[PDB]
Number of protein chains: 2
Amino acid sequence: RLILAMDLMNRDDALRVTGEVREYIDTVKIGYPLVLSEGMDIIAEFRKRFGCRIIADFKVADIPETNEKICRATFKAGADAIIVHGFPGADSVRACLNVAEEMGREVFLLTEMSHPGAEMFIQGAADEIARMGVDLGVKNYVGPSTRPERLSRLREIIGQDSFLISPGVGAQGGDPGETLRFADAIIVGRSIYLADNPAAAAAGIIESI
Amino acid sequence: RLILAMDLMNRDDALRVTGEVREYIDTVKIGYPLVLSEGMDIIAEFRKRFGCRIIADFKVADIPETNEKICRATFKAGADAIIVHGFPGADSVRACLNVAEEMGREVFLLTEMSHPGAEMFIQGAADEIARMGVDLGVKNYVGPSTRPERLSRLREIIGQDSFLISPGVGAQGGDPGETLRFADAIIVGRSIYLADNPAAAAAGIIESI
Ligand SMILES: O=c1cc(O)n([C@@H]2O[C@H](COP(=O)(O)O)[C@@H](O)[C@H]2O)c(=O)[nH]1
Ligand SMILES: O=c1cc(O)n([C@@H]2O[C@H](COP(=O)(O)O)[C@@H](O)[C@H]2O)c(=O)[nH]1
């Protein structure tokens with residue numbers, strides 16, 4: 001129930017830390033901090049080297065036509081799933097779902113975000129974004145560890161069968177145990193990758209739950 | 001007043017079309033369709049080969065800490081400016097502005113989007129996103145060619161001194177002339193890059209205005 005957010009920017013460090021904590025995870029979330037620094041080939045390298053599933057956290061948030069192109073390039077690169085913003089609307093999300101269907105991959109819909117600024121505009125639209133996901137057939141979602149009451153409401157909307165992962169654990173203030181009352185898995189970045197001993201940090205999280 | 005949205009996915013085609021229309025533009029918008037296919041080095045290559053300013057259209061839409069990393073990698077790659085979503089809130093936008101200040105670069109704030117789905121959630125928050133930009137000191141904005149009445153309202157909020165660029169011209173239905181009544185420059189992608197003669201398409205747009 002632990003997903004590593006590998007946001008280190010250099011390949012050697014990213015490979016070192018991921019290898020050190022492999023026994024505690026099975027899924028690695030790779031985003032733009034690593035991809036824009038080392039290239040899209042890093043996805044296939046990780047997939048092969050560690051045998052872990054890769055979620056490409058690209059927060060896709062463009063018009064339908066561009067979203068289609070982004071998803072196609074991402075799945076061609078070997079990603080198992082891609083995270084997509086729901087705020088740009090149903091057509092933009094559907095474009096991602098269509099490419100995922102064509103390529104036998106998955107889409108994760110980001111509903112409410114975990115940082116303070118999410119309260120400004122995203123929070124007020126989050127319940128509706130989650131309902132839109134349900135209506136579009138989305139089965140994978142992302143919700144905030146920093147607001148468990150919101151994570152609870154989001155879980156209520158998507159149902160128990162939907163898969164929900166949650167970032168904001170550790171560095172941002174979220175708690176592993178409380179978050180897992182509602183989410184199926186927690187995403188952890190800095191608490192593990194900036195630790196003096198990443199494996200010890202990961203093991204500690206796995207034990208606390 | 002014409003910016004090329006270079007969304008072709010292969011380097012050879014992208015280089016061919018951009019070179020053919022160079023005399024009609026001075027700024028190229030490069031997004032993820034090209035970057036995720038050919039790598040971040042394509043930005044410096046274009047900048048050197050064509051001597052054009054490059055706007056990295058990455059629709060940055062993450063938490064502050066990740067946005068900082070994305071902006072740093074993007075400016076290190078040579079981009080002159082980066083497009084950032086305002087929907088995730090002020091802290092996320094400020095993180096981008098701080099990196100731009102540190103690196104002597106610019107941030108463009110995306111307010112309302114041009115596609116149909118933008119009406120679902122973005123449109124209702126767009127005026128407030130634009131006001132947030134003004135309050136944060138943002139001087140560069142993106143608004144929709146497909147809704148000139150909204151582009152007018154956005155221009156009203158940001159003032160005449162702010163720089164406003166606008167996509168949705170051509171393929172999405174927007175008109176060059178009407179859009180330029182409010183925007184300083186128009187962004188055009190498919191109408192030019194999918195044309196049998198891109199230079200002829202660009203020249204035709206430049207003439208119609
Ligand atoms: O609402 C959200 C959605 C995210 O994807 N994330 C992401 O999850 C990760 C959390 O990292 P960290 O554990 O270091 O705070 C980062 O990669 C971040 O971009 C987030 O923090 N909040
Ligand atoms: O609201 C917006 C913001 C954008 O950046 N864009 C972008 O501007 C370009 C418009 O391309 P086109 O002229 O082919 O429709 C694309 O790169 C797209 O991602 C848009 O279409 N609408």
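Convention: sequence-line order gives letters A, B, ...; per-chain numbering from 1.
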(Q) One pair to check against side chain to side chain contact (heavy atoms under 4.5 Å, CB included): B:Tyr32 and A:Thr66. What are the steps and the verdict? (A) CA-CA 8 Å; B:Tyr32 284 137; A:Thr66 296; 6.0 Å; no
Return yes when atom [atom1] of [X] has more than 12 non-hydrogen atoms of other residues, nucleotides or ligands closer than 6.0 Å, and no otherwise.
{"X": "B:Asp13", "atom1": "CG", "answer": "yes"}
{"X": "A:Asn197", "atom1": "CG", "answer": "yes"}
{"X": "A:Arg153", "atom1": "CZ", "answer": "yes"}
{"X": "B:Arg105", "atom1": "CZ", "answer": "yes"}

Q. Where the side chain of B:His115 meets the backbone of A:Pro88, is there a donor-acceptor pair that is under 3.5 Å apart?
A.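 Indeed, once roles are kept as given, a pair shorter than 3.5 Å links the two residues.
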Could you tell me which of [options] has the largest number of non-hydrogen atom pairs under 4.5 Å with chain A?
{"options": "B:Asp91, B:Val93, B:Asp57, B:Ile70", "answer": "B:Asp91"}
{"options": "B:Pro116, B:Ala77, B:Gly39", "answer": "B:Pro116"}
{"options": "B:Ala125, B:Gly117, B:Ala90, B:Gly124", "answer": "B:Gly117"}
{"options": "B:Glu65, B:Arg94, B:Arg72", "answer": "B:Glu65"}

Separation between [atom1] of [X] and [atom2] of [Y], rounded to the nearest 0.5 Å:
{"X": "B:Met40", "Y": "A:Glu38", "atom1": "CE", "atom2": "CD", "answer": "12.0 Å"}
{"X": "B:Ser114", "Y": "A:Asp62", "atom1": "OG", "atom2": "CG", "answer": "8.5 Å"}
{"X": "B:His85", "Y": "A:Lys59", "atom1": "NE2", "atom2": "NZ", "answer": "12.0 Å"}
{"X": "A:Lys69", "Y": "B:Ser37", "atom1": "NZ", "atom2": "OG", "answer": "9.5 Å"}

Q: Please look at A:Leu110 and chain B and tell me whether the side chain, the backbone, both or neither of the residue comes under 4.5 angstrom of a heavy atom of that chain.
A: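 No part of it gets close to chain B.
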Q: Could you look at A:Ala118 and say if it's the side chain, the backbone, both or neither that has a heavy atom under 4.5 Å from chain B?
A: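 For A:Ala118, the contact with chain B is made by the backbone alone.
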Q: Heavy atoms only: give me the nearest B:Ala61-A:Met113 pair and the separation to one decimal.
A: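 Smallest heavy-atom distance, with atoms named: O-CE, 3.7 Å.
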**Q.** Exercise: identify the closest heavy-atom pair between A:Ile63 and B:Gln172
**A.**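 Shortest heavy-atom contact: CD1-NE2, 3.6 Å.
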Q. Chain A heavy atoms under 4.5 Å from B:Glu128: which part of the residue, side chain, backbone, both or neither?
A.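 For B:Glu128, the contact with chain A is made by backbone and side chain together.
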Q) Are B:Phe58 and A:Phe58 close enough that their ring centers fall under 6.0 Å? A)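 Ring-ring flag for B:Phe58/A:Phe58: false, centres at least 6.0 Å apart.
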Validation: residues 183-190 of chain B side-chain donor-acceptor distances under 3.5 Å, sequence neighbours left out:
from     : atom 1 : to       : atom 2 : distance (Å)
B:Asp184 : OD2    : B:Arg155 : NH2    : 2.8
B:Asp184 : OD2    : B:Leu164 : N      : 2.9

